[PDB]
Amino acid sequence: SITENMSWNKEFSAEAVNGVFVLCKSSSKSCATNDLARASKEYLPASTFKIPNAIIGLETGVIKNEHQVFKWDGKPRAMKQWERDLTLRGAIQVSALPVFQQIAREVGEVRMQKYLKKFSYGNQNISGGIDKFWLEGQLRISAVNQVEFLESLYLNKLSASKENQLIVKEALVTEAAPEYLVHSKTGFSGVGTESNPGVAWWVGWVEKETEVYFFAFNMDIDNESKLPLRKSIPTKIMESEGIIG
């Protein structure tokens, strides 16, 4: 089940943020959130979709192996951070959209649709273009669904080889310590339109000693100056819960 902790809304009100944090100890059957209504509301996954897309890319053979280098041959890209050769992990961690847009094209509608059904990934709507359905198309996923999906990944229970799940998991390590390990992925759909804000994400899980905590955060956003809030608000909530001080 899931519990509503209204105390957590303090971290949101202090910054006038409309968002939701979902936090789960040990498993998906012991979770809490600041907002039950928004916890199950479905939003564009934006770059958080690079997690399933990479798994599907390895499954289908589009990504030959974990050692494949995605070369940059000089085609101008929307951010200089993407204008370089990238590993699979690098492409994920810098959110190299063009790399994963080409992966999407090579996977194709049929295989993409099949794996999203197998992963129970959101509304499973890939309309809007095979290389943009997760960013400006019709794909939507809730914070609870992200936690469920990531828990499956952590347990190697996605319908894919354990090998490929493990490959993507190390690619998601963002903080490493002897008894403290974080897998996570951020997302940002843009600033949105007039009275249609964008969405920003932070999702992943934390392994502290022999315990695990899955989490998913999203917020409405209409300016890039608010991006750091997608990390600081959830980090403060987790710090409050003793998930490392």
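Throughout, we count residues from 1 along the sequence that is shown.
Trainee: Between 226-234 and 9-17, name whichever shows the higher mean Cα B factor according to the PDB entry.
Mentor: Per the PDB record, 9-17.
Trainee: Taking the mean of the C-alpha B-factors per stretch from the entry, tell me the winner out of 86-94 and 153-161.
Mentor: Of 153-161 and 86-94, the stretch with the higher C-alpha B-factor average is 153-161.
Trainee: Between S189, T33, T60, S30, let me know which has the highest C-alpha B-factor in the entry?
Mentor: Top of the list by C-alpha B-factor: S30.
Trainee: When the modelled residues of the chain are sorted by Cα temperature factor, does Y121 land in the lowest, middle or highest third?
Mentor: Ranked within chain, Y121 CA B lands in the middle tercile.
Trainee: Give the position of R38 by CA B-factor within its chain, expressed as the lowest, middle or highest third.
Mentor: Highest third of the chain for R38's C-alpha B-factor.
Trainee: Relative to the other modelled residues in the chain, which third contains the C-alpha temperature factor of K185: lowest, middle or highest?
Mentor: CA B-factor rank for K185: middle third.
Trainee: Which third of the chain does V107 land in by C-alpha B-factor: lowest, middle or highest?
Mentor: Lowest third.
Trainee: Split the chain's modelled residues into thirds by Cα B-factor; is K75 in the lowest, middle or highest one?
Mentor: It belongs to the highest third of the chain when residues are ordered by C-alpha B-factor.
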